[PDB]
Amino acid sequence: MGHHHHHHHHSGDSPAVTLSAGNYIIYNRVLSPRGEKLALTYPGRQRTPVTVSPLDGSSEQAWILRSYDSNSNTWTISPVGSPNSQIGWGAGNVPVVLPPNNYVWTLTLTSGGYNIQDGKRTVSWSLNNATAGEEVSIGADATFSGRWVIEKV
């Protein structure tokens, strides 16, 4: 005897992060073809689709994040420019801007990034080609763009 591995492992079963309430950014783990972070970008209006762009640090690319249930890894989402509104999902399987109510997303850590889901785990956030200026999409877990990162402002 001298070692053990029957109930534990490393580099995949030993994380040290769980997020916290604050101001954050959300960007796709594939990154931009420009060679920079590929952040979720607010449309500037309500009842409207959301888009992706190369990060620069503007209020369009910065967001607000607060825990709703650790029991479901769910968190509320709002833009820093309009904390009086929220982000959710509807017809066309695109995330959309919505009034202040109870809208949330599941945010879950992985072996080298994060994952983003509706709350009931029926769908996930993804991209169509991961290019700059493209519209983000929702559906079954994607083969290249199905992973994200959430990090502070």
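Which order do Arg147, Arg45, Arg66 fall in if you start with the one that has the fewest other Cβ atoms within 10 Å? Please list the in-between numbers first.
Values: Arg147 20, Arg45 10, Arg66 14.
Lowest count first: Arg45, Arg66, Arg147.
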Please report, in whole Å, how far the alpha carbons of the chain spread along each principal axis, starting with the longest.
64, 35, 29
Let me know the volume per residue of the alpha-carbon convex hull for segment 68-109, in Å³.
92
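For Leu38, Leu127, which order do you get if you count the other beta carbons within 10 Å of each Cβ and list the fewest first? Intermediate results must be reported in sequence, preceding the final value.
On the way: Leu38 27, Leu127 19.
Placing the least packed residue first, the sequence is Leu127, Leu38.
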Translational diffusion coefficient, Stokes-Einstein: compute it for segment 49-127 using the Kirkwood radius over C-alpha pairs as Rh, at 4 °C and 1.567 mPa s, and state it as an integer in µm² s⁻¹.
96
Reduced to Cα centres, the span from segment 62-100 to segment 130-153 in Å works out to 15
Need one word for segment 88-153: rounded, prolate or oblate. Basis is the Cα gyration tensor (sqrt eigenvalues a ≥ b ≥ c); a/c below 1.5 gives rounded, then a/b vs b/c decides.
rounded
Using a cut-off of 15 Å between beta-carbons, work out the net charge of the residues near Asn84 (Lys and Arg +1, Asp and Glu -1, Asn84 not included).
+3
So who's got an amide H within less than 5 Å of the one on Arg147, skipping anything under 5 residues away but keeping other chains? H placed 1.01 Å off N, in plane.
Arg29
For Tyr24, enumerate residues with amide H under 5 Å from its amide H, sequence gap 5+ or separate chain, H modeled in the peptide plane.
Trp63, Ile64, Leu65, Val153
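Can you compute the charge dipole magnitude of the chain about its Cα centre, using +1 on each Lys and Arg Cβ and -1 on each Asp and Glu Cβ, nothing else charged? Give it in debye, rounded to the nearest 20. Can you show the working numbers first?
Details: 10 positive and 10 negative charges, 30 e Å.
For the chain, the charge dipole is close to 140 debye.
Bear in mind these aren't lab numbers, they're just calculated from the coordinates by the rules spelled out. No Cβ is skipped: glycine too gets one built from the backbone with ideal geometry, and neighbour counts run over all protein chains shown.
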